[PDB]
Every structure is written in structure tokens, then in C-alpha cells.
Amino acid sequence: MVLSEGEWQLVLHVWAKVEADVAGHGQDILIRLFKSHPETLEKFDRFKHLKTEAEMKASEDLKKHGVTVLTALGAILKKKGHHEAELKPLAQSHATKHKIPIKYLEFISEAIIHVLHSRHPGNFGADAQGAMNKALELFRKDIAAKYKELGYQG
Ligand code: HEM
């Protein structure tokens with residue numbers, strides 16, 4: 001699959017807004033994911049002990065990792081499809097080390113869309129959301145393909 005330049009622009013336009021507060025956006029997204037799909041929290045030995053949203057919100061480690069996740073994903077989106085090099089180490093660690101099934105990647109993609117929709121309605125209309133979805137789908141497809149090669153495919 002290939003996104004058009006116009007679709008990439010819609011993605012990068014709203015992502016520019018995200019970069020105005022990466023830490024805050026990362027917190028929102030991770031907490032949305034952990035509440036909507038609590039099982040995902042089990043993958044984090046560091047965050048497993050977090051019982052409530054208030055605890056998640058007060059966690060400095062959770063916030064720091066949100067910045068790390070969004071910065072990594074941001075670097076991928078800005079590649080506009082030419083993200084092979086950025087995908088290699090990401091797929092290896094998530095397949096071999098953490099063992100993250102594709103299903104969970106669909107879950108966070110879901111969390112990303114939800115948060116952008118709430119915080120940036122003016123820059124996330126139906127067209128922008130469609131473009132963001134295509135970008136995240138392309139990401140999941142390439143990650144999945146890489147998973148297979150590494151002998152995983154979750
Ligand atoms: C959608 C984008 C995602 C991106 C871009 C991403 C990115 C990252 C990055 C950059 C790290 C740092 C070093 C490493 O590779 O281990 C990391 C760590 C990790 N990721 Fe993700 N990740 C994503 C989704 C997920 C999902 C869905 C799960 C789990 C439900 C997950 C679980 C983990 C775990 C367990 C670690 C290590 C935590 C620790 O430091 O102990 N990742 N991720």
C-alpha cells in the first residue's frame with residue numbers, strides 16, 4: 001500500500017500539533033490504551049503495578065516512555081513510507097524481546113486516533129483521520145511482514 005502526498009500532509013499537519021506537547025499526548029494515548037485493553041499492561045513489568053488512572057498520570061516513568069514511543073513513531077511517519085531502517089530494530093525488539101502481538105499494535109493505533117480526535121478536532125476531520133489510519137495500517141503491515149522474517153508474527 002502507498003499513501004498519497006496529500007494524505008501524508010494531513011498526517012504530518014496534525015502530528016505537528018502533537019509535537020507541541022509530546023509528553024502530554026503520550027500520557028493520554030498510553031492511558032487510553034491501558035484502560036481500554038488492560039491486558040496490554042501485562043507486557044510492562046515496570047507498569048504492571050499501576051492500579052488506577054491517577055497512578056498512571058502521576059507516573060514519571062510512564063510519561064517518559066510515552067515520549068519515547070511518540071518520538072519513535074514520529075520519526076517513522078516523517079519518513080513518509082521510507083521507514084525500513086527505522087523498522088528493523090523496532091520489530092526485532094518487539095517480536096523477540098517484548099513479544100507484542102499485532103493485535104496490540106491495532107489497539108494503540110486505536111488509542112492514537114481517539115486522542116487526536118479529542119484534542120485536535122479542527123485538524124482531525126474525516127479526511128485527516130482516514131489518512132492517519134492508512135499511515136498506521138501501513139506501519140502495522142510492514143511490522144507484521146518483519147515479524148514473519150524474524151520468526152514471530154504475533
Ligand atoms: C505503535 C508504536 C509503538 C512504538 C513506535 C513503540 C516503540 C517503543 C520504543 C522506541 C521502545 C524503546 C526500546 C525498545 O525497542 O524496546 C519500546 C519499548 C517497549 N515497548 Fe513499544 N512501541 C509501540 C507499541 C508497543 C505495544 C503495543 C506494546 C505493548 C502492549 C509495546 C511494548 C513495549 C515494551 C514492553 C517495551 C519495553 C519497556 C521497558 O523499557 O521495560 N510497544 N517501544
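Whatever order the structure lists them in is the order used to number ligands and atoms, beginning at 1. When reading the values below, keep in mind they use all heavy atoms of this one structure, side chains included, and skip hydrogens, waters and symmetry mates. Counting begins at 1 with the first residue of the sequence.
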Are more than 12 heavy atoms, taken from residues, nucleotides or ligands other than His37, located less than 6.0 Å from that residue's NE2 atom? yes
Please, which pairs that meet ring pair (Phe, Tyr, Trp, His ring centres under 6.0 Å) have at least one residue in residues 76-105, sequence neighbours excluded? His94-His98, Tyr104-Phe107
Counting neighbours of NZ on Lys103 that are heavy atoms of other residues, nucleotides or ligands and sit closer than 6.0 Å, is the number greater than 12? no
One line per pair, note the atom names and distance for all nitrogen or oxygen contacts under 3.5 Å between ligand 1 and the protein.
residue: ligand 1; atom: 15 (O); partner: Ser93; partner atom: OG; Å: 2.8
residue: ligand 1; atom: 16 (O); partner: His98; partner atom: NE2; Å: 2.6
residue: ligand 1; atom: 20 (N); partner: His94; partner atom: NE2; Å: 2.9
residue: ligand 1; atom: 22 (N); partner: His94; partner atom: NE2; Å: 3.0
residue: ligand 1; atom: 40 (O); partner: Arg46; partner atom: NH2; Å: 3.0
residue: ligand 1; atom: 42 (N); partner: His94; partner atom: NE2; Å: 2.9
residue: ligand 1; atom: 43 (N); partner: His94; partner atom: NE2; Å: 2.9

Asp28/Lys57 salt bridge by N-O under 4.0 Å criterion: no
Quick test of your reading of the model: are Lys35 and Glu53 salt-bridged, counting only N-O distances below 4.0 Å? yes
Check whether the side chains of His13 and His120 place a donor and an acceptor atom closer than 3.5 Å, and report yes or no. no
